[PDB]
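Down below is the structure, laid out as structure tokens.
Numbers restart at 1 for each chain; the letters A, B, ... are given by sequence-line order, proteins then strands. We use all heavy atoms of the structure for the numbers below, so side chains are in, but hydrogens, waters and symmetry mates are not.
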Amino acid sequence: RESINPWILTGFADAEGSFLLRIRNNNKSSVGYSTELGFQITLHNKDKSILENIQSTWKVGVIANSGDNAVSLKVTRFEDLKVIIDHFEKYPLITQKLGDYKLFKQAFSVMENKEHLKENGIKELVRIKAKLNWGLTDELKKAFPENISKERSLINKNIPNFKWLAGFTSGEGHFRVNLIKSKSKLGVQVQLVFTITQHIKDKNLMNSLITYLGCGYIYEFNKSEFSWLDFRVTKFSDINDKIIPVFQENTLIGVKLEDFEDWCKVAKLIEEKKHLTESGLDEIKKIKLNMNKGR
DNA sequence: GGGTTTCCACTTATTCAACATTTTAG
DNA sequence: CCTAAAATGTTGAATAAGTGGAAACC
Ligand SMILES: [Ca+2]
Ligand SMILES: [Ca+2]
Ligand SMILES: [Ca+2]
Ligand code: NA
């Protein structure tokens, strides 16, 4: 029954939200197409209570299973989309997703004017959809023979505050205990790692985390044709003095919170040098077993 | 109406989270 | 030598993004 701070909500939407525009062949519509406009977040079942909390913050949206292991919050009821717009006007998005929101807003105006029931409005929705997310299907492009741009301006914005960061990290952030086989006396080095992962279309934002948080580095990764970035922090001093205090003051949501708290336990032990004792490493190992995929 | 809207079931691709090992720095 | 810090690479599923079907609203 708890609500979410609005900037945390926008950071979580930058991480996990998606805007939807359906343009559907419909034999019963006057113009031959019906439409649906919306916002949605799909998460693993274990984080259903986040969706319930967003739903009670906005008082809009419906929650439904999405397959066997996930669950969605979807807002497509047209009048309820005014809450979505009012929220993201007041607490605006930061990632390239802001561009998708701007297209969602253009689609909202077409629909608010009832133009989507006419030829000209459907054509404008098609032009808007061509720039949104994955674009037009081949079928829908062939149905609207017209030179239609798929290009948009890139978004370039700075992290607005640490609440946005707590929300974004609740989505994309990762805290772990990395056990490194070592030549140390004890034979296992404990490394705490904070990671944020993102596609390269938001390299600017990613690169800025180094300055925003005053620590870390960025790597690129390649998997066949796909590319993404990690921001990482591995220096214990930065973890303990910069990362941990941020998220104690700006509280994570979801089960990621419990992983952060467990991570902070191991930070305490390292600060006490108990990671260099057998009784310590044993406890660290137990804590790690119950984090992330092992929870 | 009956054209339009809204919801639920369910699918798809891949961008995330996750992870361990291997070097390097100091 | 002893630890800490950074780099090297994967992996596969939790995301993002999307479609089929139809009840029922206005
Ligand atoms: Ca994302
Ligand atoms: Ca995500
Ligand atoms: Ca490599
Ligand atoms: Na996530």
To the side chain of [X], which of [options] is closest?
X	options	result
A/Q189	C/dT3, C/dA5, C/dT19	C/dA5
A/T197	B/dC19, B/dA17, C/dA5	B/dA17
A/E172	C/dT3, C/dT10, B/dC16	B/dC16
A/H275	C/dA4, B/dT4, B/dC8	C/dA4
A/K293	B/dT21, C/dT11, B/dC19	B/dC19
A/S182	B/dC16, C/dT3, B/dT4	C/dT3

Given [N], is OP1 or OP2 found less than 4.0 Å from the side-chain N or O atoms of [X]?
X	N	value
A/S18	C/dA17	yes
A/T42	C/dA16	no
A/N178	B/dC19	no
A/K48	C/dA14	no
A/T195	B/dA18	no
A/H116	B/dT5	yes
A/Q198	B/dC16	yes
A/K97	B/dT15	no

### Query
Nucleotide by nucleotide, 5' to 3', does protein get under 4.0 Å of the base (B), only the sugar-phosphate (S), or neither (-) in nucleotides 21-26 of chain C, counting heavy atoms?
BB----

### Message
Quick test of your reading: applying salt bridge (charged side-chain N to carboxylate O under 4.0 Å, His left out), list the pairs with at least one residue in residues 9-18 of chain A, sequence neighbours left out, ordered by first then second residue.
### Response
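Listed once each, the pairs would be none.
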
### Task
For A/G294 and for A/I63, locate the closest nucleotide of DNA chain B by heavy-atom distance; then report the residue assigned to the nucleotide nearer the 5' terminus.
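Result of the comparison: A/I63.
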
### Message
Reading DNA chain B from 5' onward, which residue's closest nucleotide shows up sooner: A/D259 or A/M111?
### Response
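Looking at the nearest nucleotide for each, A/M111 comes out on the 5' side.
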
### Sub-6.0 Å ring centroid separation between A/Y33 and A/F144
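Yes, the ring of A/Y33 comes within the 6.0 Å limit of the ring of A/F144, centre to centre.
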
### Message
Using the rule ring pair (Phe, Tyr, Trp, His ring centres under 6.0 Å), only one of A/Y91, A/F168, A/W164, A/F162 pairs with A/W7; which is it?
### Response
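With A/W7 as partner, ring pair (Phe, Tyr, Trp, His ring centres under 6.0 Å) holds for just one option, A/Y91.
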
### Query
For A/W263, which of A/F175, A/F236, A/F247 qualifies under ring pair (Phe, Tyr, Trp, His ring centres under 6.0 Å)?
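Of the listed residues A/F175, A/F236, A/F247, the ring pair (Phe, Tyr, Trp, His ring centres under 6.0 Å) partner of A/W263 is A/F175.
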
I'd like a list of close polar pairs between nucleotides 10-13 of chain B and the protein, N/O only, cut-off under 3.5 Å.
residue, atom, partner, partner atom, Å
B/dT11, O4, A/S66, OG, 3.4

### Query
Restricting to pairs with a member in residues 64-86 of chain A, which pass ring pair (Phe, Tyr, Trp, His ring centres under 6.0 Å), not counting sequence neighbours?
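Residue pairs passing ring pair (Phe, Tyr, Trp, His ring centres under 6.0 Å), neighbours aside: A/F78-A/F108.
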
Rounded interatomic separation in angstrom, taking [atom1] from [X] and [atom2] from [N]:
X	N	atom1	atom2	result
A/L21	B/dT6	CG	P	14 Å
A/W228	C/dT11	CH2	P	11 Å
A/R176	B/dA17	CZ	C1'	10 Å
A/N292	C/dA13	CG	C1'	14 Å
A/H174	B/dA17	NE2	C1'	6 Å
A/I41	B/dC16	CD1	P	15 Å
A/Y217	C/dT8	OH	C1'	11 Å
A/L37	C/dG18	CG	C1'	14 Å

Quick check: any donor-acceptor pair below 3.5 Å linking the side-chain of [X] to the base of [N]?
X	N	answer
A/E16	C/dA14	no
A/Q40	C/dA16	no
A/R232	C/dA5	no

### Message
Once you apply a heavy-atom cut-off of 4.0 Å, does A/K46 come out as touching a base, just sugar-phosphate, or nothing?
### Response
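Touches nothing.
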
### Task
Just call it for A/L43: base, sugar-phosphate, or nothing, with non-hydrogen atoms closer than 4.0 Å on any strand.
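Sugar-phosphate contact only - A/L43 comes under 4.0 Å of backbone atoms but never of a base.
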
### Query
Relative to each other, are the rings of A/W58 and A/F88 parallel, tilted or perpendicular (30° and 60° limits)?
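If you compare the ring of A/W58 with that of A/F88, the planes turn out perpendicular.
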
How would you list, by chain and number, every residue that makes a side chain to side chain donor-acceptor pair (under 3.5 Å) with [X], sequence neighbours excluded?
X	result
A/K105	A/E89
A/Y217	A/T234
A/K242	A/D238

### Task
Could you go through the ring-ring contact (aromatic ring centres under 6.0 Å, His included) check for A/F39 and A/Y101 one step at a time?
CA-CA 9 Å; A/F39 173 78; A/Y101 169 68; 9.0 Å; no

### Message
Could you tell me how far C/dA17 sits from B/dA17 if I compare only their P atoms? Round to whole Å.
### Response
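Going atom to atom, P in each nucleotide, I get 12 Å.
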
### Query
Partners of A/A64 by side chain to side chain contact (heavy atoms under 4.5 Å, CB included), sequence neighbours excluded?
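Once residues adjacent in sequence are excluded, the partners of A/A64 under the side chain to side chain contact (heavy atoms under 4.5 Å, CB included) criterion are A/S72.
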
### Message
Holding to side chain to side chain contact (heavy atoms under 4.5 Å, CB included), I want the full list of residues that pass it with A/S170, two or more places apart in sequence or in another chain.
### Response
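If we apply the side chain to side chain contact (heavy atoms under 4.5 Å, CB included) test to A/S170, skipping adjacent residues, the hits are A/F12, A/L252, A/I253.
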
